[PDB]
């Protein structure tokens, strides 16, 4: 993990979060549950789908492979044709594989980055009014109903509160 988030300081993933990729787990006086962060998840899906389609669109003008015949005394240009189509085959195969690997990495670090950024979106909302447990959770110093939870989810967290 490049950013330390996925499989780092956040040691694991949520099997119980099924409504998207990212989200929150709340546990207050009105029950406990997993919610999925809409807009970040969406922007991620946009990123990766647009990425796949980008990769495809970048390889619609590849190399064809027409077959050519040569006689018993045209061994040279036959060899040339072979060597050259085989050549292009090698280069485009290389391009596809390498691009795929690179963008796989870029993708994983992309998800990692999104998790990091969410964690900071919430952390900067709850300055003193919450404590870092360390494992990716924020513990409340006050009692926080489902509406405060939602205000943190949609970003409309009303900070004006005590803490001791």
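Residue numbers count along the first chain shown, from 1.
Mean Cα B factor from the PDB record: higher for 63 to 71, or higher for 37 to 45? So the stretch with the higher mean C-alpha B-factor is 37 to 45.
Comparing 116 to 124 with 100 to 108, where is the mean C-alpha B-factor higher? Comparing averages over the C-alpha atoms only gives 116 to 124.
Based on the entry's values, in what third of the chain does the Cα temperature factor of residue 95 lie: lowest, middle or highest? It belongs to the lowest third of the chain when residues are ordered by C-alpha B-factor.
Considering only modelled residues of the same chain, in which third does the CA B-factor of residue 130 rank: lowest, middle or highest? As the PDB entry reports it, the C-alpha B-factor of residue 130 lands in the highest third of its chain.
Taking only the Cα B-factors deposited for this chain, tell me whether residue 12 sits in the lowest, middle or highest third. Answer is lowest: the recorded C-alpha B-factor places it there.
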